[PDB]
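Heads up: the structure comes next, in structure tokens.
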Amino acid sequence: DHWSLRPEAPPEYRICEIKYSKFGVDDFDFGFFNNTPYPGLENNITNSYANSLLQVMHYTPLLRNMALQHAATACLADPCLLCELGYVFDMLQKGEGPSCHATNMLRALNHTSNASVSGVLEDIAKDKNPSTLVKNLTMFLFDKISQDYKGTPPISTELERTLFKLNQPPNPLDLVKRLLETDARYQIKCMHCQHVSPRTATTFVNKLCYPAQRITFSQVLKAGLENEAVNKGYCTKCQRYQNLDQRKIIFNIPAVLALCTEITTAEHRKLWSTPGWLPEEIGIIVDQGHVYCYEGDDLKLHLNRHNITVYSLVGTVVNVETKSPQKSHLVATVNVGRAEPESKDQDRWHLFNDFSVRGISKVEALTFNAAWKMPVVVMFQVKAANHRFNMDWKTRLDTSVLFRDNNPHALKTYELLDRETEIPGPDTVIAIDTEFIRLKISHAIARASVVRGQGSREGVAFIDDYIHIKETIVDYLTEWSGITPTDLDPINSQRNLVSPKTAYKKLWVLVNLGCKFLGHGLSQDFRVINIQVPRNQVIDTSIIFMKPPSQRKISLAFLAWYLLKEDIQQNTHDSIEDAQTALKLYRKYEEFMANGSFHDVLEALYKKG
Ligand SMILES: [Zn+2]
Ligand SMILES: [Zn+2]
């Protein structure tokens, strides 16, 4: 009937391999694995286990908004996982192609504090099981982005204010706590003199708890949130060690409810394999330090009769086992309808097996198999937050990073944008080109040049950032890029050497400002830059000068030689020059189209080898 009923993982659930060539990743047919408007994530990256989690979080409206409202600020923190989260979320909502990738964000994770000791790095972590890794990451991320959010005031808290029906705008500290934390504390009572003493409790992600017939998910959730225990400890009142009654007094439940299944035994898998065991909708009651959860018709009855906060199931991080050779990898089954305008079709579940995306039924999404298909992380959010969004992060996007000057050297190869006269917009055209280096084939941006495409200073660069790469560079590609170790050396560089996220922030802002990116073969640049740019914001000269059927692209050097009569390969490649070259080529294209000679020129371009 459906895939999850099979004794083994069907090809739709198996690991998807990327096949490589000399051309590289770009020639690989990602479109074969995804025919949906919902892009997947590529899995040829270190710590790519995060893909399933990133997907589930992205289609959680409160989480996506949270990240975007922060990323749109003037935050120059690097590494900063919340900013990186905003970038990835932005790519997943902008992406017109079949696949995206979170290279920059997984690289930044590797540099994040306490990452090497939180078991979130598959090369360092003790337990290298993907299910364990994504459990730790879920806890690690929720903790990190919570303090990242309060670091600098977000662009807008208007969504949350409306959601929580507040009158005055809430402050970040109280807000992020209501969104992610389970407000609670431990009441430690001496069982002799009945003396009570409090112990603070911090909880971002909760863990399910199982007993040991008719065991429900609501009961397992309730058992997980609460915590009653008895341990011997000293009592200050009666001056001796007594039995202490310790109960977790619960005050508030988070707007975003992340849950770890903690499946360890065979009995746990038998329980989860029960058809219809996982409800897509739950209601939780917090009364006098206790938590009461309801589901199904039992939930409907209580609602007809109180403090019942209805939660909607967003998605599930699922562990998929393969019998031979024995292993495991993660996929994501998500209802993408939660983050979309409300329609009649509420059931919009999709399978996110890395870059392989497929639509599935509610049954399949809520069906689990004790042999190979088991849930790891379950994501709920308040139903009132469904189909909600806020565009103030884009409307009031902070652009200070474009105008700020922190370059010590007086000799620059760029002239920054004037804050008054040169404010980028939808009509603004910019020419861009980058330079690559080799990492321990893995490429990385070593230099990014953006050039004015119009105005009196047309051709003059306003961005020429060199990247302080915190990785090990195998090859500088000096013949190909003209990049020397001195240019990237923080002590001896004469360049505007900046952090990776600092330079990325500029480009990310320019995209959301609506700017049109002009260049030659920009698809390779954007991939290594790790960004997604809409088609109507891309002016590519390699695409422009194609004769329609051939699909073969002309070199930048040949176009410059034939249309501009220039030799641009004399010295080593310079990203500013190559950007100016592409801009010149586009201006020639405008001339050819205007006088109606473009057809003849295009024909002339294709005559010999
Ligand atoms: Zn940030
Ligand atoms: Zn006592």
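Both ligands and their constituent atoms are indexed starting at 1 by order of listing. Side chains are part of it too, since the values below use all heavy atoms of this structure and drop only hydrogens, waters and symmetry mates. Along the sequence shown, the residues carry numbers beginning at 1.
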Notebook entry, point to check: Given atoms SG of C190 and SG of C235, what angle do they subtend at the Zn ion (ligand 2), to the nearest 10 degrees?
Noted result: 110°
Next item on the list: Kindly give the atom name of the N, O or S atom of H70 closest to the Zn ion (ligand 1).
Entry: NE2
Next item on the list: Among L85, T157, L180, find the one that has a side chain to side chain contact (heavy atoms under 4.5 Å, CB included) with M66.
Entry: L180
Check: Do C83 and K501 come close enough that some side-chain heavy atom pair is under 4.5 Å?
Finding: yes
Next item on the list: Verify the neighbour count for atom CZ of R161: are there more than 12 heavy atoms of other residues, nucleotides or ligands below 6.0 Å?
Entry: yes
Next item on the list: Show the numbers, then the answer: is there a side-chain hydrogen bond (donor to acceptor under 3.5 Å, both in side chains) between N496 and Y414?
Entry: CA-CA 9 Å; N496 189 28; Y414 62 93; 3.1 Å; yes
Margin query: Would you say the Zn ion (ligand 2) has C238 as a near neighbour, meaning an N/O/S atom of that residue under 2.8 Å away?
Written below: yes
